[PDB]
Structures are given as C-alpha cells and as structure tokens.
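*Asks:* See target_32.cif below, with mmCIF, C-alpha atoms and all ligand atoms.
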```cif
data_query
#
loop_
_atom_site.group_PDB
_atom_site.id
_atom_site.type_symbol
_atom_site.label_atom_id
_atom_site.label_comp_id
_atom_site.auth_asym_id
_atom_site.auth_seq_id
_atom_site.Cartn_x
_atom_site.Cartn_y
_atom_site.Cartn_z
ATOM 1 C CA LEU I 1 71.334 117.673 102.819
ATOM 2 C CA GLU I 2 70.233 119.210 99.415
ATOM 3 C CA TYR I 3 66.864 120.897 98.721
ATOM 4 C CA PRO I 4 65.585 121.374 95.153
ATOM 5 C CA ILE I 5 64.373 124.642 93.642
ATOM 6 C CA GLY I 6 61.681 123.632 91.092
ATOM 7 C CA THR I 7 62.397 120.957 88.464
ATOM 8 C CA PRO I 8 65.581 120.821 86.287
ATOM 9 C CA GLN I 9 65.320 122.511 82.812
ATOM 10 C CA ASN I 10 67.027 121.034 79.732
ATOM 11 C CA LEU I 11 68.598 123.636 77.411
ATOM 12 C CA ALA I 12 71.556 123.795 74.969
ATOM 13 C CA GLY I 13 72.365 120.042 75.363
ATOM 14 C CA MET I 14 72.569 120.440 79.157
ATOM 15 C CA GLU I 15 70.399 119.690 82.166
ATOM 16 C CA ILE I 16 70.181 122.785 84.431
ATOM 17 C CA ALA I 17 69.123 122.094 88.039
ATOM 18 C CA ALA I 18 69.130 124.603 90.982
ATOM 19 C CA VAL I 19 69.518 123.314 94.580
ATOM 20 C CA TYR I 20 70.146 124.892 97.998
ATOM 21 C CA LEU I 21 71.631 123.817 101.329
ATOM 22 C CA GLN I 22 73.248 125.077 104.569
ATOM 23 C CA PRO I 23 76.033 127.720 104.081
ATOM 24 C CA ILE I 24 79.512 126.228 103.425
ATOM 25 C CA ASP I 25 83.221 126.795 104.191
ATOM 26 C CA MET I 26 85.502 127.019 101.149
ATOM 27 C CA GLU I 27 89.210 127.319 100.223
ATOM 28 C CA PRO I 28 90.449 129.933 99.142
ATOM 29 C CA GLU I 29 88.972 131.950 102.024
ATOM 30 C CA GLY I 30 87.408 135.404 101.308
ATOM 31 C CA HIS I 31 85.348 134.375 98.232
ATOM 32 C CA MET I 32 82.254 132.939 99.971
ATOM 33 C CA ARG I 33 80.129 135.084 102.308
ATOM 34 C CA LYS I 34 80.797 133.797 105.888
ATOM 35 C CA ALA I 35 78.480 130.872 106.815
ATOM 36 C CA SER I 36 77.536 132.698 110.098
ATOM 37 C CA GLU I 37 76.435 135.710 107.967
ATOM 38 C CA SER I 38 74.778 133.521 105.283
ATOM 39 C CA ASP I 39 71.352 131.869 105.100
ATOM 40 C CA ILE I 40 71.943 129.280 102.306
ATOM 41 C CA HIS I 41 74.450 127.947 99.822
ATOM 42 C CA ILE I 42 72.775 128.198 96.392
ATOM 43 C CA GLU I 43 74.089 125.821 93.621
ATOM 44 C CA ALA I 44 73.726 125.410 89.806
ATOM 45 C CA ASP I 45 74.140 121.738 88.808
ATOM 46 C CA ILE I 46 74.888 121.775 85.010
ATOM 47 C CA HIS I 47 75.476 118.390 83.319
ATOM 48 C CA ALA I 48 75.642 117.146 79.758
ATOM 49 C CA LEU I 49 72.659 115.435 78.061
ATOM 50 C CA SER I 50 73.010 112.720 75.336
ATOM 51 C CA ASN I 51 74.395 114.085 72.003
ATOM 52 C CA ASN I 52 75.756 117.290 73.702
ATOM 53 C CA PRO I 53 76.864 119.626 70.860
ATOM 54 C CA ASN I 54 80.129 120.714 72.558
ATOM 55 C CA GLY I 55 81.715 117.234 73.011
ATOM 56 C CA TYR I 56 80.698 116.481 76.572
ATOM 57 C CA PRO I 57 79.700 112.807 77.174
ATOM 58 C CA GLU I 58 76.361 112.226 78.972
ATOM 59 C CA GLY I 59 76.337 113.122 82.709
ATOM 60 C CA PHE I 60 79.600 115.089 82.588
ATOM 61 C CA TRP I 61 79.860 118.407 84.406
ATOM 62 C CA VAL I 62 80.075 121.359 82.034
ATOM 63 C CA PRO I 63 83.156 123.400 83.098
ATOM 64 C CA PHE I 64 84.412 127.026 82.656
ATOM 65 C CA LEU I 65 80.913 128.579 82.651
ATOM 66 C CA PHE I 66 80.069 131.758 84.505
ATOM 67 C CA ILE I 67 76.709 131.934 86.350
ATOM 68 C CA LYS I 68 75.072 135.159 87.607
ATOM 69 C CA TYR I 69 72.072 134.864 89.944
ATOM 70 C CA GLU I 70 69.097 137.137 90.777
ATOM 71 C CA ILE I 71 66.895 136.217 93.792
ATOM 72 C CA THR I 72 63.716 138.263 94.325
ATOM 73 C CA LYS I 73 61.312 137.827 97.289
ATOM 74 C CA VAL I 74 57.751 137.406 95.943
ATOM 75 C CA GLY I 75 55.706 140.405 97.145
ATOM 76 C CA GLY I 76 58.609 141.379 99.445
ATOM 77 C CA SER I 77 59.578 145.054 100.053
ATOM 78 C CA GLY I 78 63.275 144.315 99.317
ATOM 79 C CA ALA I 79 65.827 144.764 96.478
ATOM 80 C CA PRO I 80 66.918 141.677 94.394
ATOM 81 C CA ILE I 81 69.731 139.611 95.933
ATOM 82 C CA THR I 82 72.284 139.402 93.141
ATOM 83 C CA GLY I 83 75.719 137.832 92.823
ATOM 84 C CA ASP I 84 78.086 135.563 90.863
ATOM 85 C CA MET I 85 78.492 131.872 91.532
ATOM 86 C CA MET I 86 81.872 130.227 91.694
ATOM 87 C CA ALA I 87 83.179 126.930 90.352
ATOM 88 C CA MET I 88 84.012 124.635 93.267
ATOM 89 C CA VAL I 89 84.139 120.995 94.334
ATOM 90 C CA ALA I 90 82.331 119.182 97.215
ATOM 91 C CA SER I 91 81.465 115.584 98.275
ATOM 92 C CA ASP I 92 78.794 115.463 95.414
ATOM 93 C CA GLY I 93 81.418 116.702 92.874
ATOM 94 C CA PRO I 94 82.070 119.950 90.992
ATOM 95 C CA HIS I 95 79.336 122.575 90.763
ATOM 96 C CA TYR I 96 78.759 126.390 90.644
ATOM 97 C CA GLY I 97 77.631 127.871 93.954
ATOM 98 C CA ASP I 98 77.511 130.832 96.343
ATOM 99 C CA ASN I 99 76.680 131.639 99.999
ATOM 100 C CA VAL I 100 73.617 133.949 100.075
ATOM 101 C CA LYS I 101 71.752 135.942 102.752
ATOM 102 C CA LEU I 102 67.986 135.901 102.077
ATOM 103 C CA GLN I 103 65.172 138.271 103.284
ATOM 104 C CA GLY I 104 63.316 135.801 105.561
ATOM 105 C CA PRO I 105 60.926 132.917 104.828
ATOM 106 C CA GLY I 106 58.509 133.192 101.885
ATOM 107 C CA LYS I 107 58.225 132.564 98.147
ATOM 108 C CA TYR I 108 61.190 133.579 95.986
ATOM 109 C CA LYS I 109 62.047 133.903 92.312
ATOM 110 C CA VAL I 110 65.440 132.570 91.241
ATOM 111 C CA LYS I 111 67.021 133.487 87.924
ATOM 112 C CA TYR I 112 70.378 132.152 86.698
ATOM 113 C CA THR I 113 72.225 133.600 83.695
ATOM 114 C CA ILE I 114 74.563 131.004 82.197
ATOM 115 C CA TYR I 115 77.580 132.421 80.235
ATOM 116 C CA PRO I 116 79.609 130.193 77.819
ATOM 117 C CA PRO I 117 83.459 129.949 78.182
ATOM 118 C CA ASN I 118 83.964 132.444 75.305
ATOM 119 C CA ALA I 119 81.581 135.149 76.769
ATOM 120 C CA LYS I 120 82.892 138.733 77.229
ATOM 121 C CA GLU I 121 81.718 138.476 80.930
ATOM 122 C CA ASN I 122 83.521 135.141 81.566
ATOM 123 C CA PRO I 123 86.925 135.627 83.316
ATOM 124 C CA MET I 124 87.981 132.147 82.230
ATOM 125 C CA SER I 125 87.632 133.035 78.470
ATOM 126 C CA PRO I 126 91.432 132.747 77.723
ATOM 127 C CA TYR I 127 91.857 129.526 79.732
ATOM 128 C CA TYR I 128 89.438 127.219 77.834
ATOM 129 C CA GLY I 129 89.535 126.186 74.190
ATOM 130 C CA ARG I 130 87.432 124.311 71.648
ATOM 131 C CA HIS I 131 88.651 122.159 68.658
ATOM 132 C CA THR I 132 87.271 123.450 65.358
ATOM 133 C CA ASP I 133 89.059 121.138 62.829
ATOM 134 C CA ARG I 134 86.921 118.548 60.869
ATOM 135 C CA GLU I 135 88.187 115.397 62.707
ATOM 136 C CA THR I 136 88.144 116.359 66.417
ATOM 137 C CA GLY I 137 86.080 119.563 66.265
ATOM 138 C CA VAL I 138 82.885 120.320 68.176
ATOM 139 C CA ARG I 139 79.974 122.728 67.521
ATOM 140 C CA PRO I 140 80.229 126.457 68.559
ATOM 141 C CA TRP I 141 79.528 127.388 72.220
ATOM 142 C CA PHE I 142 75.925 127.979 73.240
ATOM 143 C CA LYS I 143 74.817 131.667 73.419
ATOM 144 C CA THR I 144 74.195 133.286 76.884
ATOM 145 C CA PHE I 145 70.786 132.289 78.287
ATOM 146 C CA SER I 146 68.643 132.802 81.413
ATOM 147 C CA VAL I 147 66.633 130.232 83.421
ATOM 148 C CA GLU I 148 63.975 130.913 86.196
ATOM 149 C CA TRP I 149 62.355 128.992 89.090
ATOM 150 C CA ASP I 150 60.068 129.673 92.010
ATOM 151 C CA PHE I 151 60.741 128.233 95.476
ATOM 152 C CA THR I 152 59.462 128.487 99.045
ATOM 153 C CA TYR I 153 62.113 129.301 101.661
ATOM 154 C CA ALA I 154 61.016 127.912 105.058
ATOM 155 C CA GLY I 155 64.276 128.446 106.939
ATOM 156 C CA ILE I 156 66.817 125.562 107.160
ATOM 157 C CA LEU Z 1 92.741 108.204 65.766
ATOM 158 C CA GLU Z 2 94.988 108.897 68.756
ATOM 159 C CA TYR Z 3 98.284 107.169 69.428
ATOM 160 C CA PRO Z 4 99.349 106.227 72.945
ATOM 161 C CA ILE Z 5 102.398 107.345 74.952
ATOM 162 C CA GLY Z 6 103.141 104.297 77.156
ATOM 163 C CA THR Z 7 100.535 103.033 79.633
ATOM 164 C CA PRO Z 8 98.380 105.286 81.898
ATOM 165 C CA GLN Z 9 99.785 105.899 85.455
ATOM 166 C CA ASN Z 10 97.437 106.084 88.479
ATOM 167 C CA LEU Z 11 98.403 108.803 90.984
ATOM 168 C CA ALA Z 12 96.642 111.022 93.546
ATOM 169 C CA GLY Z 13 93.217 109.379 92.921
ATOM 170 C CA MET Z 14 93.527 109.998 89.189
ATOM 171 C CA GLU Z 15 94.376 108.066 86.067
ATOM 172 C CA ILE Z 16 96.996 109.962 84.031
ATOM 173 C CA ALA Z 17 97.222 108.946 80.351
ATOM 174 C CA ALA Z 18 99.274 110.703 77.582
ATOM 175 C CA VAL Z 19 98.114 110.554 73.945
ATOM 176 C CA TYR Z 20 98.898 112.325 70.665
ATOM 177 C CA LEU Z 21 97.117 112.913 67.382
ATOM 178 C CA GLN Z 22 97.329 115.215 64.292
ATOM 179 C CA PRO Z 23 97.756 119.028 65.026
ATOM 180 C CA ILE Z 24 94.430 120.836 65.669
ATOM 181 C CA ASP Z 25 92.667 124.168 65.015
ATOM 182 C CA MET Z 26 91.334 125.790 68.158
ATOM 183 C CA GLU Z 27 88.969 128.656 69.094
ATOM 184 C CA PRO Z 28 90.370 131.051 70.444
ATOM 185 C CA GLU Z 29 93.040 131.546 67.745
ATOM 186 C CA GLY Z 30 96.582 132.599 68.807
ATOM 187 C CA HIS Z 31 96.993 130.115 71.716
ATOM 188 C CA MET Z 32 97.965 126.926 69.802
ATOM 189 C CA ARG Z 33 101.048 126.665 67.557
ATOM 190 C CA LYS Z 34 99.681 126.671 63.946
ATOM 191 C CA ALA Z 35 98.862 123.139 62.666
ATOM 192 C CA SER Z 36 101.062 123.815 59.570
ATOM 193 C CA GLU Z 37 103.962 124.639 62.058
ATOM 194 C CA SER Z 38 103.144 121.631 64.256
ATOM 195 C CA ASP Z 39 103.845 117.836 64.046
ATOM 196 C CA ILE Z 40 101.388 116.578 66.751
ATOM 197 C CA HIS Z 41 98.790 117.616 69.221
ATOM 198 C CA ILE Z 42 99.920 116.185 72.606
ATOM 199 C CA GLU Z 43 97.203 115.558 75.252
ATOM 200 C CA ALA Z 44 96.998 114.720 78.972
ATOM 201 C CA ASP Z 45 93.831 112.711 79.726
ATOM 202 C CA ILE Z 46 93.289 113.067 83.527
ATOM 203 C CA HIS Z 47 90.218 111.292 84.980
ATOM 204 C CA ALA Z 48 89.032 110.407 88.461
ATOM 205 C CA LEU Z 49 89.536 106.928 89.901
ATOM 206 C CA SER Z 50 87.151 105.244 92.435
ATOM 207 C CA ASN Z 51 87.389 106.842 95.927
ATOM 208 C CA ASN Z 52 88.931 110.099 94.547
ATOM 209 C CA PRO Z 53 89.908 112.206 97.623
ATOM 210 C CA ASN Z 54 88.776 115.549 96.100
ATOM 211 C CA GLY Z 55 85.096 114.657 95.437
ATOM 212 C CA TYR Z 56 85.262 113.633 91.812
ATOM 213 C CA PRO Z 57 83.040 110.611 90.881
ATOM 214 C CA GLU Z 58 84.734 107.807 88.892
ATOM 215 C CA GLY Z 59 85.526 108.642 85.235
ATOM 216 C CA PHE Z 60 85.039 112.412 85.637
ATOM 217 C CA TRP Z 61 87.523 114.787 84.063
ATOM 218 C CA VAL Z 62 89.602 116.621 86.644
ATOM 219 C CA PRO Z 63 89.296 120.354 85.817
ATOM 220 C CA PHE Z 64 91.345 123.543 86.549
ATOM 221 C CA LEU Z 65 94.758 121.799 86.526
ATOM 222 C CA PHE Z 66 97.827 123.268 84.883
ATOM 223 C CA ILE Z 67 100.163 120.876 82.967
ATOM 224 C CA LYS Z 68 103.752 121.661 81.854
ATOM 225 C CA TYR Z 69 105.436 119.261 79.394
ATOM 226 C CA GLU Z 70 109.100 118.381 78.534
ATOM 227 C CA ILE Z 71 109.784 116.250 75.398
ATOM 228 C CA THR Z 72 113.346 115.005 74.812
ATOM 229 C CA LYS Z 73 114.510 112.991 71.776
ATOM 230 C CA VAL Z 74 116.371 109.859 72.962
ATOM 231 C CA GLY Z 75 120.041 110.141 72.000
ATOM 232 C CA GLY Z 76 119.136 113.049 69.631
ATOM 233 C CA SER Z 77 121.385 116.146 69.296
ATOM 234 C CA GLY Z 78 118.438 118.523 69.946
ATOM 235 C CA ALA Z 79 117.258 120.814 72.802
ATOM 236 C CA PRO Z 80 114.319 119.603 74.956
ATOM 237 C CA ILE Z 81 110.909 120.711 73.575
ATOM 238 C CA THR Z 82 108.927 122.427 76.404
ATOM 239 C CA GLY Z 83 105.566 124.133 76.857
ATOM 240 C CA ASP Z 84 102.267 124.507 78.764
ATOM 241 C CA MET Z 85 99.140 122.596 77.875
ATOM 242 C CA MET Z 86 95.735 124.252 77.728
ATOM 243 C CA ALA Z 87 92.302 123.130 78.881
ATOM 244 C CA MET Z 88 90.097 122.504 75.864
ATOM 245 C CA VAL Z 89 87.218 120.420 74.527
ATOM 246 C CA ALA Z 90 87.107 118.106 71.438
ATOM 247 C CA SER Z 91 84.913 115.265 70.016
ATOM 248 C CA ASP Z 92 86.340 112.892 72.773
ATOM 249 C CA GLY Z 93 85.530 115.491 75.508
ATOM 250 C CA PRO Z 94 87.542 117.892 77.683
ATOM 251 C CA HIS Z 95 91.266 117.539 78.216
ATOM 252 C CA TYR Z 96 94.611 119.346 78.388
ATOM 253 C CA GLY Z 97 96.605 119.638 75.174
ATOM 254 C CA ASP Z 98 99.044 121.534 72.980
ATOM 255 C CA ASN Z 99 100.300 121.623 69.378
ATOM 256 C CA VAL Z 100 104.003 120.587 69.301
ATOM 257 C CA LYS Z 101 106.767 120.448 66.676
ATOM 258 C CA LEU Z 102 108.973 117.358 67.157
ATOM 259 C CA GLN Z 103 112.555 116.607 65.915
ATOM 260 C CA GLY Z 104 111.741 113.809 63.439
ATOM 261 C CA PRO Z 105 110.867 110.123 63.962
ATOM 262 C CA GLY Z 106 112.577 108.227 66.775
ATOM 263 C CA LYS Z 107 112.321 107.412 70.482
ATOM 264 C CA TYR Z 108 111.269 110.231 72.833
ATOM 265 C CA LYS Z 109 110.964 110.892 76.564
ATOM 266 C CA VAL Z 110 107.814 112.696 77.715
ATOM 267 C CA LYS Z 111 107.463 114.326 81.132
ATOM 268 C CA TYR Z 112 104.295 116.047 82.409
ATOM 269 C CA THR Z 113 104.181 118.221 85.554
ATOM 270 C CA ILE Z 114 100.642 118.312 86.966
ATOM 271 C CA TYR Z 115 99.760 121.416 89.093
ATOM 272 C CA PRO Z 116 96.674 121.410 91.421
ATOM 273 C CA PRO Z 117 94.088 124.299 91.173
ATOM 274 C CA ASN Z 118 95.631 126.015 94.248
ATOM 275 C CA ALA Z 119 99.276 125.944 92.916
ATOM 276 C CA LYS Z 120 101.299 129.191 92.794
ATOM 277 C CA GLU Z 121 101.937 128.457 89.033
ATOM 278 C CA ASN Z 122 98.218 127.837 88.227
ATOM 279 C CA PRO Z 123 96.474 130.903 86.672
ATOM 280 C CA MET Z 124 93.053 129.430 87.636
ATOM 281 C CA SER Z 125 93.781 129.598 91.444
ATOM 282 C CA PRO Z 126 91.156 132.329 92.228
ATOM 283 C CA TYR Z 127 88.561 130.677 89.932
ATOM 284 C CA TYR Z 128 88.149 127.245 91.538
ATOM 285 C CA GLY Z 129 87.153 126.390 95.085
ATOM 286 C CA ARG Z 130 86.910 123.429 97.375
ATOM 287 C CA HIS Z 131 84.411 122.868 100.284
ATOM 288 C CA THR Z 132 86.250 122.482 103.589
ATOM 289 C CA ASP Z 133 83.333 122.241 106.087
ATOM 290 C CA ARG Z 134 82.703 118.839 107.851
ATOM 291 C CA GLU Z 135 79.444 117.954 105.979
ATOM 292 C CA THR Z 136 80.220 118.724 102.298
ATOM 293 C CA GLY Z 137 84.006 119.122 102.481
ATOM 294 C CA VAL Z 138 86.622 117.220 100.493
ATOM 295 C CA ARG Z 139 90.308 116.440 101.192
ATOM 296 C CA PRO Z 140 93.072 119.042 100.391
ATOM 297 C CA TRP Z 141 94.351 119.212 96.781
ATOM 298 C CA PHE Z 142 97.178 116.873 95.742
ATOM 299 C CA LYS Z 143 100.733 118.350 95.744
ATOM 300 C CA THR Z 144 102.474 119.094 92.367
ATOM 301 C CA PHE Z 145 103.894 115.905 90.799
ATOM 302 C CA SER Z 146 105.578 114.565 87.604
ATOM 303 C CA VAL Z 147 104.907 111.570 85.340
ATOM 304 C CA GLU Z 148 107.244 110.149 82.631
ATOM 305 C CA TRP Z 149 106.899 107.933 79.559
ATOM 306 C CA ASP Z 150 108.905 106.698 76.607
ATOM 307 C CA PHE Z 151 107.383 106.526 73.107
ATOM 308 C CA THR Z 152 108.358 105.893 69.487
ATOM 309 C CA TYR Z 153 107.253 108.618 67.052
ATOM 310 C CA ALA Z 154 106.735 107.216 63.590
ATOM 311 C CA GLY Z 155 105.356 110.332 61.915
ATOM 312 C CA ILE Z 156 101.625 110.884 61.225
HETATM 313 CU CU CU I 201 79.659 124.988 96.557
HETATM 314 CU CU CU I 202 93.270 119.625 72.645
HETATM 315 FE FE FE I 203 93.898 129.895 102.405
HETATM 316 FE FE FE I 204 92.671 128.200 105.546
HETATM 317 FE FE FE I 205 75.250 119.681 94.934
HETATM 318 FE FE FE I 206 91.646 112.888 73.437
#
```
Step by step, read the file and then write its structure as structure tokens.

*Replies:*
Amino acid sequence: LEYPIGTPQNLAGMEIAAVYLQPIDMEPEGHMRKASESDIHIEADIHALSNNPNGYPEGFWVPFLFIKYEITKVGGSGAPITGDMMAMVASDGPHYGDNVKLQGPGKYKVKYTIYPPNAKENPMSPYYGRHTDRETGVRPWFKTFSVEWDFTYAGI
Amino acid sequence: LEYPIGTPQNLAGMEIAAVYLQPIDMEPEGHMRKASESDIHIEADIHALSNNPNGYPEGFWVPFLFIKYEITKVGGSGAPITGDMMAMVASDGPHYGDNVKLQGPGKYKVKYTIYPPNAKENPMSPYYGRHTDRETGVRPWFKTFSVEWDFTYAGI
C-alpha cells in the first residue's frame, strides 16, 4: 500500500508527487538499503502534463532524471537523512525511489532536487538525447529545481 | 513524416515497431552521425502491451534498453551497415534511434537486437532497478532477442 506525502506539485510541464511505503527488495542487489534495516521506501512519481515542453505525451513517466532527497525531522535533534533515488520498476510502473531509515515517528520535511538528463550531476547524461532540428525537435531541458513537503510519520 | 519498416512485431509483452525519417540534430552533439553525412534516422519504437510482465502499463515506453542494428542491402554488393541506437526524445516522444548512411535506393533487410536493462552489453545496468519482493515485485527481465524486417528505401 502507498501513502502520500502532501499534495503533488506541478512544475516544468510535469506533475511531481512524493509517496512512501514499506521497504522493498530490488535487483541488482546492493543498491537499496536492506529492508530489515530500512523504515520506508520513499518514491518520486514524475509524470508529464498536457503540452509538456520536452515531447512527453500526457501521463508518461519522465525518464533519465536524477533525484536527490533531504529528509529532516521537525524539531528533532538529528542530522538530515540524505541520499539519491534510483530509477526502478514495480507493479505500479517505473518510478524513482530509495529505502530510507528514519528517526522515529513525528513530523518531517521532505525535499527533492530534480536534475535534468543533461545535468553535470546526472550519471545518465551521455545516455539520453534530445532532437533539436525544426521538424522533430523539442524545447531545451528544464533547469535543476527543488520541491518540498511536510508529512507525519506514524510508523508503518 | 515517418516511413514504416514492415509491420510491428509483438514480443516479450512489448510492441516492437521500426520506423525511419530524415536525419536529425541531437543534443548532446558528437553522438549522432552528422545529418549532412546521413541518409535516414532509424528508430525503434518499443511500447508496453496489456499485461506487460515487467510492470509497464499499456502504451508506456519501455526505458533503459540497448538496441543494436544490422542493415543489409538485398542483393547489393555492399557490407552490412551496423551500429547502436541511442535513447532520445523528439516531438513524438521518447525512443531509440540513430542517424544512418544507406547504400542507395532498393530493398533492405533490417535486424534489431533488443537488450534488457540487466544485460552484460547494456551500459545502463547499474542505473535501473526492478522490485523483486512479493508485494510490489515484477517478473524477471526478458532475455536478449532479435527482430527482422524487409523494406524498400525510395530516398527521402
Ligand atoms: Cu522503488
Ligand atoms: Cu531519435
Ligand atoms: Fe543479482
Ligand atoms: Fe539475486
Ligand atoms: Fe509508486
Ligand atoms: Fe518516432
């Protein structure tokens, strides 16, 4: 089962939603924190809106992005939980996610930093292209942006 | 306007169609053969079918694949034209494609070799995951396969 973190935010011709669930098992092994050592599996569900400037039809998953997360416990006496999400596929389709260990129940601040395919930070920069010619060309990639939400962790 | 290469073939829970159009200009530069040095831009349009075993909803583009192509001129006294396609986005959405120089008008044989994200040959093996756990898990990736077509090049 999936639990939402705030309401989805629409930016750069995309709908950015943040959900969480029980920790997961993934292939290749050694990328995700072990489920037994994790608290949640945090996800970034990024999908195209109508008239997306980079050629994606409505509802399509936006691939080859790189998402960095920052999770801070509201009022908590702990450091921010940071990490990088990974592109993966599940029963609900492709998404960006990571297995995370939290700092107990309470209110938390979540911040995602979405990097375009051409970003200096994006390892998949040389693997994904964009047509520029008049006939089949699309608009330049969006510039790196951040997105925040507040959520109450109860303990799932 | 795109021109078709035979009829699409349905394999491994996907619909595999081969098209071509005029050569393109792509960002980043230095990956595609120059449009002035090319004859066509060959594409592989791979989309999910209903009941796709790896979690893709119907119509969705299948990402992180690696496609190798082999183009032979029927009866022609020329070497086969080979290469690797690249994941890119255009006005019609994401796909795999490459700029190719043909050997004049005539009948041709096209052969694509589709590699799953976990393939030894696929550079994007450490970049794309798959849930394996009972609840959110999907079926293992398809095994590497080939698809062939015959087409008549008239000259764009
Ligand atoms: Cu995931
Ligand atoms: Cu292309
Ligand atoms: Fe393994
Ligand atoms: Fe294993
Ligand atoms: Fe999800
Ligand atoms: Fe196309």

*Asks:* Name every residue that the PyMOL selection byres ((chain I and not hetatm) within 10 of (chain Z)) selects in this structure, writing the answer as a PyMOL selection string with chains first and numbers rising.

*Replies:* chain I and resi 1+22-29+31-32+35+53-57+59-64+86-97+118+123-140

*Asks:* Find, counting only C-alpha atoms, the residue in Z:65, Z:154, Z:85, Z:74 that gets nearest to residue Z:120.

*Replies:*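 Closest candidate: Z:65.
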
*Asks:* Between I:30, I:141, I:66, I:16, which residue has the minimum interatomic distance to ligand FE 204 (chain I), considering all atoms listed in the file?

*Replies:*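 Of all the options, I:30 lies closest to ligand FE 204 (chain I).
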
*Asks:* Would you mind telling me which residue in I:73, I:99, I:13, I:33 lies nearest to ligand CU 201 (chain I) when using all atoms listed in the file?

*Replies:*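 Under the stated criterion, the closest residue is I:99.
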
*Asks:* Taking the file as I've supplied it (selection: the PyMOL selection byres (((chain I and resi 114) around 7) and not hetatm)), which residues are included? Please answer as a PDB file with C-alpha atoms, in the coordinates of the input.

*Replies:*
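The new file part_9.pdb reads:
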```pdb
ATOM      1  CA  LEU I  65      80.913 128.579  82.651  1.00  0.00           C
ATOM      2  CA  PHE I  66      80.069 131.758  84.505  1.00  0.00           C
ATOM      3  CA  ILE I  67      76.709 131.934  86.350  1.00  0.00           C
ATOM      4  CA  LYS I  68      75.072 135.159  87.607  1.00  0.00           C
ATOM      5  CA  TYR I 112      70.378 132.152  86.698  1.00  0.00           C
ATOM      6  CA  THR I 113      72.225 133.600  83.695  1.00  0.00           C
ATOM      7  CA  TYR I 115      77.580 132.421  80.235  1.00  0.00           C
ATOM      8  CA  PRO I 116      79.609 130.193  77.819  1.00  0.00           C
ATOM      9  CA  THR I 144      74.195 133.286  76.884  1.00  0.00           C
ATOM     10  CA  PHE I 145      70.786 132.289  78.287  1.00  0.00           C
ATOM     11  CA  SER I 146      68.643 132.802  81.413  1.00  0.00           C
TER      12      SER I 146
END
```

*Asks:* Give, as AutoDock Vina command-line options, the centre coordinates and the x, y and z edge lengths in Å to one decimal for an axis-aligned box around all listed atoms of stretch 13-29 of chain Z, padded by 6 Å on each side.

*Replies:*
```
--center_x 94.1 --center_y 119.8 --center_z 78.6 --size_x 22.3 --size_y 35.5 --size_z 40.6
```

*Asks:* Once the PyMOL selection byres (((chain I and resi 39) around 6) and not hetatm) has been applied to the shown file, what residues remain in the selection, as a ChimeraX atom specification?

*Replies:* /I:38,40,100-101

*Asks:* Could you name the residues that touch residue Z:149 at 10 Å or less, counting only C-alpha atoms, but leaving out those on the same chain fewer than 2 positions away, as a VMD selection string?

*Replies:* chain Z and resid 5 to 9 17 to 18 71 108 to 112 147 151

*Asks:* Using atom CA of residue Z:3 and atom CA of residue Z:102 as the two end points, give the distance in Å to one decimal.

*Replies:*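 Between atom CA of residue Z:3 and atom CA of residue Z:102 the gap is 14.9 Å.
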
*Asks:* As an exercise, work out the distance from atom CA of residue I:49 to atom CA of residue I:152 in Å and give it to one decimal place.

*Replies:*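 Atom CA of residue I:152 lies 28.0 Å from atom CA of residue I:49.
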
*Asks:* Find the distance between atom CA of residue Z:4 and atom CA of residue Z:20 and write it in Å to one decimal.

*Replies:*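 So the two atoms, atom CA of residue Z:4 and atom CA of residue Z:20, lie 6.5 Å apart.
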